[PDB]
Number of protein chains: 2
Amino acid sequence: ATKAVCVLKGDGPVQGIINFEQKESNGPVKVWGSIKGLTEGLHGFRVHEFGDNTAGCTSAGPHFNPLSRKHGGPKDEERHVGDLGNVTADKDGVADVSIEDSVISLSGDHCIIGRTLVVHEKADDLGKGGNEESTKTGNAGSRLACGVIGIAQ
Amino acid sequence: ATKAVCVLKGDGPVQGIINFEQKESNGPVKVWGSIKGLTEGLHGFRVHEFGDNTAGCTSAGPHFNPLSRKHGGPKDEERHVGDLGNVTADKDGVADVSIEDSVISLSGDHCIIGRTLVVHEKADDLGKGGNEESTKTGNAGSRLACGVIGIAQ
């Protein structure tokens, strides 16, 4: 029963705390928490390859894709392990997060610990935007805030 | 040949970037970089158990000592896995770091990825301070800055 947490920060007002819990080695991971300072609406929510913040959220690099596949949505078969979809911010700029995902993991080949969680400026195409970028980054736009995913108590 | 990195931040002016590199699974780990905003002198440098920054450096928890040994020094036989000794800040408050350690690791049982790196207010007396604290926390003082250790490119 591993747990993990992530504090999200950026140059702007976007900030939040996300928690992860995976009660079983091969079970689903529950991720919940909230993010504030967001514009009302949908925002891309992904895990990027590197837990490197030497240069802001940019150093986090590309989507976490352990097995080179095209970009897609959380429910898709053809996706990136790191694609968690979108989080939704209400009129007050606050996004309450509660997701359950069984592709990402807190251990094994899909372990996201030590990697970066990012919330993007724009909603995630889920690869259905109809252009190059879509199938690549879902056109989520700039990285608003991020943090390294650490082992929690 | 895994690599890792950590951006150190706190409530004060202390901040820096540390890099880790372990070219071989069972080999030593090189850690280097620099920290600024430090008072001139020795400052404890340790890896703590949790990559949890929900409550500043406090949430990082206890030393990373998966082996229940008494506090030791970097070169001391019995030391915590997480005890990296001290880093030294020059008159300008800058500490240049270059260490090589073979107890911590970027993989396996001593894997420090996902955990927190902290630089302390006081020098780590390496368990040689003469009291009961020395052998617990080398009498290192408050946590000046920290960051979660992430996987680097």
# chains A, B, ... in the order shown; residues from 1 in each chain; ligands from 1
$ select_by_dssp --residues "chain B" --states "helix (DSSP H, G or I)" --output "list in words"
residues 58, 59, 60, 108, 109, 110, 134, 135, 136 and 137 of chain B
$ residues_around --residues "residue 91 of chain A" --least-positions-apart "6" --cutoff "9 Å" --atoms "only C-alpha atoms" --output "list in words"
residues 39, 40 and 41 of chain A
$ write_last_selection --atoms "N, CA, C and O atoms" --output "PDB file, in the first residue's frame"
ATOM      1  N   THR A  39      -8.007  29.034 -14.498  1.00  0.00           N
ATOM      2  CA  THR A  39      -9.106  29.708 -15.187  1.00  0.00           C
ATOM      3  C   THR A  39     -10.211  28.658 -15.228  1.00  0.00           C
ATOM      4  O   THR A  39      -9.932  27.467 -15.351  1.00  0.00           O
ATOM      5  N   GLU A  40     -11.465  29.082 -15.139  1.00  0.00           N
ATOM      6  CA  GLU A  40     -12.582  28.138 -15.152  1.00  0.00           C
ATOM      7  C   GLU A  40     -12.520  27.239 -16.372  1.00  0.00           C
ATOM      8  O   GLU A  40     -12.245  27.702 -17.474  1.00  0.00           O
ATOM      9  N   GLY A  41     -12.765  25.948 -16.179  1.00  0.00           N
ATOM     10  CA  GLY A  41     -12.696  25.044 -17.311  1.00  0.00           C
ATOM     11  C   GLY A  41     -11.763  23.840 -17.218  1.00  0.00           C
ATOM     12  O   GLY A  41     -11.262  23.460 -16.157  1.00  0.00           O
TER      13      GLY A  41
END
$ interface_residues --of "chain B" --to "chain A" --cutoff "12 Å" --atoms "only C-alpha atoms" --output "NGL selection string"
:B and (2-9 or 15-20 or 33 or 48-56 or 59-62 or 64 or 106-107 or 111-117 or 147-153)
$ select_by_dssp --residues "chain B" --states "strand (DSSP E or B)" --output "MDAnalysis selection string"
chainID B and resid 2:9 15:22 29:36 41:48 54:57 63 83:89 95:101 105 111 116:120 143:148 150:151
$ residues_around --residues "segment 124-141 of chain A" --least-positions-apart "4" --cutoff "12 Å" --atoms "only C-alpha atoms" --output "PyMOL selection string"
chain A and resi 41-48+58+61-65+68-80+82-88+118-120
$ residues_around --residues "residue 109 of chain A" --least-positions-apart "6" --cutoff "12 Å" --atoms "only C-alpha atoms" --output "list in words"
residues 25, 26, 64, 65, 66, 67, 81 and 103 of chain A
$ write_last_selection --atoms "N, CA, C and O atoms" --output "PDB file, in the first residue's frame"
ATOM      1  N   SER A  25      -0.030  -3.678  -5.375  1.00  0.00           N
ATOM      2  CA  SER A  25       0.990  -3.666  -6.405  1.00  0.00           C
ATOM      3  C   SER A  25       0.473  -3.527  -7.845  1.00  0.00           C
ATOM      4  O   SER A  25       0.954  -2.684  -8.624  1.00  0.00           O
ATOM      5  N   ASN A  26      -0.503  -4.355  -8.198  1.00  0.00           N
ATOM      6  CA  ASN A  26      -1.057  -4.347  -9.548  1.00  0.00           C
ATOM      7  C   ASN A  26      -2.457  -3.748  -9.594  1.00  0.00           C
ATOM      8  O   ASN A  26      -3.193  -3.965 -10.553  1.00  0.00           O
ATOM      9  N   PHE A  64       5.186  11.053 -19.995  1.00  0.00           N
ATOM     10  CA  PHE A  64       5.785   9.819 -19.564  1.00  0.00           C
ATOM     11  C   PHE A  64       5.220   8.717 -20.438  1.00  0.00           C
ATOM     12  O   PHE A  64       4.046   8.299 -20.319  1.00  0.00           O
ATOM     13  N   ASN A  65       6.070   8.238 -21.330  1.00  0.00           N
ATOM     14  CA  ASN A  65       5.668   7.205 -22.259  1.00  0.00           C
ATOM     15  C   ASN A  65       6.651   6.030 -22.343  1.00  0.00           C
ATOM     16  O   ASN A  65       7.377   5.877 -23.327  1.00  0.00           O
ATOM     17  N   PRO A  66       6.650   5.168 -21.313  1.00  0.00           N
ATOM     18  CA  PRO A  66       7.496   3.978 -21.150  1.00  0.00           C
ATOM     19  C   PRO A  66       7.593   3.084 -22.381  1.00  0.00           C
ATOM     20  O   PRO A  66       8.568   2.346 -22.546  1.00  0.00           O
ATOM     21  N   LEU A  67       6.576   3.146 -23.235  1.00  0.00           N
ATOM     22  CA  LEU A  67       6.514   2.290 -24.420  1.00  0.00           C
ATOM     23  C   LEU A  67       6.000   3.010 -25.665  1.00  0.00           C
ATOM     24  O   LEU A  67       4.949   2.659 -26.194  1.00  0.00           O
ATOM     25  N   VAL A  81       1.248   6.560 -20.818  1.00  0.00           N
ATOM     26  CA  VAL A  81       1.016   6.223 -19.409  1.00  0.00           C
ATOM     27  C   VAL A  81       0.719   7.499 -18.602  1.00  0.00           C
ATOM     28  O   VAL A  81      -0.155   7.516 -17.742  1.00  0.00           O
ATOM     29  N   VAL A 103      -3.382   2.720 -15.220  1.00  0.00           N
ATOM     30  CA  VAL A 103      -2.255   2.606 -16.133  1.00  0.00           C
ATOM     31  C   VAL A 103      -0.992   3.058 -15.410  1.00  0.00           C
ATOM     32  O   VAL A 103       0.033   2.375 -15.465  1.00  0.00           O
TER      33      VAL A 103
END
